[PDB]
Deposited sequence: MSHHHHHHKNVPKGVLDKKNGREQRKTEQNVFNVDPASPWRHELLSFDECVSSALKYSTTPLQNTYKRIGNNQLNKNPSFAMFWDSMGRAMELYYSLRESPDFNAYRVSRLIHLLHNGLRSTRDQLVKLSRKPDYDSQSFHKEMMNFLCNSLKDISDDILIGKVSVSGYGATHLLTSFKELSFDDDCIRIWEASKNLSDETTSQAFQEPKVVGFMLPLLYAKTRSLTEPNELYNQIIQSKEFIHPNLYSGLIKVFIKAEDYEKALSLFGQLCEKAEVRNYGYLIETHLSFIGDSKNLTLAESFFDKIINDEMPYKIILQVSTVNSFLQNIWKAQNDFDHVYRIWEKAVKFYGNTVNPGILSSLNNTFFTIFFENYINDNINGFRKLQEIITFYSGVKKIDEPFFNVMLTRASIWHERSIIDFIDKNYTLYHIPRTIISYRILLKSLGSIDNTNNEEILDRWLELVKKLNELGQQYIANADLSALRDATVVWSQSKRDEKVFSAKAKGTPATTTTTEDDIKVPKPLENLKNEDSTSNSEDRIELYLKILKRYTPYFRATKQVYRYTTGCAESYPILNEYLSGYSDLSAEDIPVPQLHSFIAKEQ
């Protein structure tokens, strides 16, 4: 009566408690959620041998791991800035733990150790899709058909699992035979049709631009949807915005969110807006149309959403902007002022707004726009991060009207802000900004001379490297930014024979490293 009784009881407690947390709108409950998942994954390997491990209990774990991926992504965007790739971060490790946990469960399902239901199969395949493992989703789904336990095999063939698979099948095969078969059956059917089957078929017809069949199915999904499970209406509505090549239909659904015309609640997912903006730019080359959609999105967001969302939006907008004004810094500068005035009228300016603008403005290769952005940080009273000081240093590599004194000054300001904001060491992004302001600029000038037919930037670069080497996050960064950097920028090989001498005369002033 107790093969693994107590471990089954504590499994149901932490899984249900963590699922209730991740579905209801640091803190102790936050720590409870992540510890419950590690505990649940700990008990899983023990309960994997038990026959009393219901396909329900395993589906609840897969759903929990899926909500963990959703929470880990939400924590990344809520941060004041993205963590450096070369440093330890909760987002990186927790994502790998979740992914590996889901990879172990999938293999156990394919082996036959553990059963699963269609509700768990959907969360397992949706998780791998969110992890950019689309090809693996098809292989697990097709391998599920050849399984001993028909119960698990029948689960992967349920309509809600097929609904998730329809968009992947049309992307891989371009086949509309089975989708057109289902459309003729679903439209006339008087029986229950799962909403995920509606949603997957709508997305296929949106990509195939059979909008009348997509809109007809969307109407049936609309009249049948339940308030408790209205999320299917969100996915499809957003799919009309970011996946429809018909920009008139995509904008009609976009204004339906702006004007709050839908009976169901719906977020203006910035990934959907970014795809919509890119489709307008690629199809029409009309910046005014892009600018009009971006204005409505900024007004819709305001101060309601996290700063990382507006950072993603402005990244898409300013990338399009400086592609349009790549050869016109005169009209572009006046346009930026209009953009700055509008953005100020909506909310207080965040740092990523000017960070993105300054980064993409490097193709103008003018110092005035660098000094303009730098003064606007203080003029608009922007809460500063180390991102701006990194970009301000990197910006010097795109102009000639600069000196080694300013390069060192903007490096010192970075190191001061690193220590002021409690940074441990010097990250890769800090040295890359210094590398782009010296080595890359020098290499570009030499390539111009060969193609055509404050004295030295590289000397200051190698001098700062040696002076600040003890403050590095790892001494392997010395090889990365000298010998390894010379592999892509060969002009550095001419300076590295004397790096052993390493005469230095910089001016560090550290505090609270």
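**Q** Walk along the deposited sequence from position 1 and note every stretch that has no C-alpha coordinates.
**A** Those stretches are 1-36, 62-75, 504-536, 597-603, listed in order.
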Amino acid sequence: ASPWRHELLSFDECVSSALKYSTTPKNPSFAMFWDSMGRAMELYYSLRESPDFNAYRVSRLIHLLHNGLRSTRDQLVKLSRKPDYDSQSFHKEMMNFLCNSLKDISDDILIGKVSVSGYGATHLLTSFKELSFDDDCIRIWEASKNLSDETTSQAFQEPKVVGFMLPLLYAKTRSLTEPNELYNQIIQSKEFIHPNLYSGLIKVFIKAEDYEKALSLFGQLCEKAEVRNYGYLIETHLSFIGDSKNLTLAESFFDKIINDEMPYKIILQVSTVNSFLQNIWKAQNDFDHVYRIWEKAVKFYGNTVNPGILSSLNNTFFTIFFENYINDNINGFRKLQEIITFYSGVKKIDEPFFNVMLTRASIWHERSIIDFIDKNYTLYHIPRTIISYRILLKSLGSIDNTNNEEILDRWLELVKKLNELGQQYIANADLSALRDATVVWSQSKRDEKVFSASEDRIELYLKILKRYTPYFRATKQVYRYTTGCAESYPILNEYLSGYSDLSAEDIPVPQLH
From here on, numbers count along this sequence of modelled residues.
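**Q** Give the stretch, out of 29-37 and 44-52, with the larger mean C-alpha temperature factor in the deposited entry.
**A** Per the deposited B-factors, the answer is 44-52.
**Q** Higher average CA B factor in the deposited record is what I'm after, so tell me if that's 67-75 or 206-214.
**A** According to the entry, 206-214 carries the higher average C-alpha B-factor.
**Q** Name the one of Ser89, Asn196, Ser239, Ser144 with the greatest CA B-factor according to the PDB entry.
**A** Reading the PDB entry, the winner on C-alpha B-factor is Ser144.
**Q** Considering every modelled residue of the chain and its Cα B-factor in the PDB entry, is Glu351 in the lowest, middle or highest third?
**A** Within its chain, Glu351 is a lowest-third residue by C-alpha B-factor, going by the deposited values.
**Q** Compared with the other modelled residues in the chain, in which third is the CA B-factor of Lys296?
**A** According to the entry, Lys296 has a C-alpha B-factor in the chain's lowest third.
**Q** Is the Cα B-factor recorded for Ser497 in the lowest, middle or highest third of its chain?
**A** Its C-alpha B-factor belongs to the highest third of this chain's values.
**Q** Check where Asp243 lands among this chain's C-alpha B-factors and tell me if it's the lowest, middle or highest third.
**A** Lowest third.
**Q** Quick check on the deposited entry: does the C-alpha B-factor of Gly231 sit in the lowest, middle or highest third of its chain?
**A** Lowest third - that is where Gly231 ends up once the chain's C-alpha B-factors are sorted.
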